[PDB]
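First comes one chain, alone, set out as structure tokens in the form deposited in one PDB entry.
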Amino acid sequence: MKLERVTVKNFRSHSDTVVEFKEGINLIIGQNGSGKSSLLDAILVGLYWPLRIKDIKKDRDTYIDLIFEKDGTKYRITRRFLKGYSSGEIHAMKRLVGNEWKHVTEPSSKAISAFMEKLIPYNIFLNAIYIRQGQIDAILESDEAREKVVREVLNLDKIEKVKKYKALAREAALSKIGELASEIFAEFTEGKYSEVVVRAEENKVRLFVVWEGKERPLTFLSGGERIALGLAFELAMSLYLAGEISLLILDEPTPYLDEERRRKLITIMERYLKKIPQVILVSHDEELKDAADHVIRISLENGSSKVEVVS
């Protein structure tokens, strides 16, 4: 999957917003209330309507047009929500054939929904592509938090034989995650650590890194290495779910004003995240510009969201 362009009209603070996404790392900066979160929401709506997101339906017309790429085919979803009661809706999903857009299914919400559910399943997008806020932190918070995260992201599972079976399934899953995360984390730490261990004990998912043939908790790592581990873990889950990493959306994976980790993040961005076909990074940090391939600033001007390409 690869986002090309999103157009949003009359959705919250977006009166007339057009955002072009390019290859590599797309950095989105701006303040809280500028319109970036609502832009992500607009994208979600564009892709997976009907779903529960306020300020879309009627209760000026709301217009969302999304152009994206999937397995060598340009898709365009156009949605228009009419407000007035008269309160109709107009939906279309088209494919680019030469230079003409041609419908791929009935111009209906249900048909387009059914179609999208097959093209790119909603769970795949939410769990593998879209990394929402607090996730990477939750991975690093504690074993219980980690357990919650992995349970939610990978489905998993919360008469003793059945318990043993469940434990076995969980074990297999977490072991695979361990392998994937080991590889990615090895890629990240420049070869310093080559093995990551993920294990379940009761209501807790232990996470360790192997150093000199001994499992050690994340405590014995630097902040950068911890963030690297969290990212590697998330990416491992993404690979586990999707079988590949094409698009990755990172909505504020970092904290507020903590440069001690920003460096490692910049390193990771420059040296590893640029390998990914496309990355959307939504941050408040102005210091990431140089590490991105494309920078987009979203601000609030005259009460409306303004988009400007930085440099």
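Note that residue numbering begins at 1 and tracks the sequence as displayed. In this text, rigid core is short for the largest set of C-alphas that superpose within 1.5 Å between two forms.
There is also a form deposited in another entry; it is not shown, and the following applies to it.
Fit the core first: which of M116, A173, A92, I124 then shifts its CA by 2 Å or more between the shown form and the other one? That would be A173.
If we fit on the core, is the Cα of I67 displaced 2 Å or more between the shown form and the other one? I67: C-alpha displaced by less than 2 Å between the shown form and the other one.
At a 2 Å cut-off on C-alpha positions, does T189 qualify as shifted between the shown form and the other one after fitting the rigid core? For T189, whose C-alpha is compared between the shown form and the other one after core superposition, the shift is 2 Å or more.
Per-residue C-alpha change between the shown form and the other one, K102, threshold 2 Å, rigid core fit: No: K102 shifts by under 2 Å between the shown form and the other one.
Against the shown form, C-alpha atoms of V149 and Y122 in the other form: closer or farther, for a change of 3 Å or more? Relative to this form, closer in the other form.
Could you tell me whether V149 and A128 have their C-alpha atoms closer or farther apart in the other form than in the shown form, knowing the shift is 3 angstroms or more? So the answer is closer.
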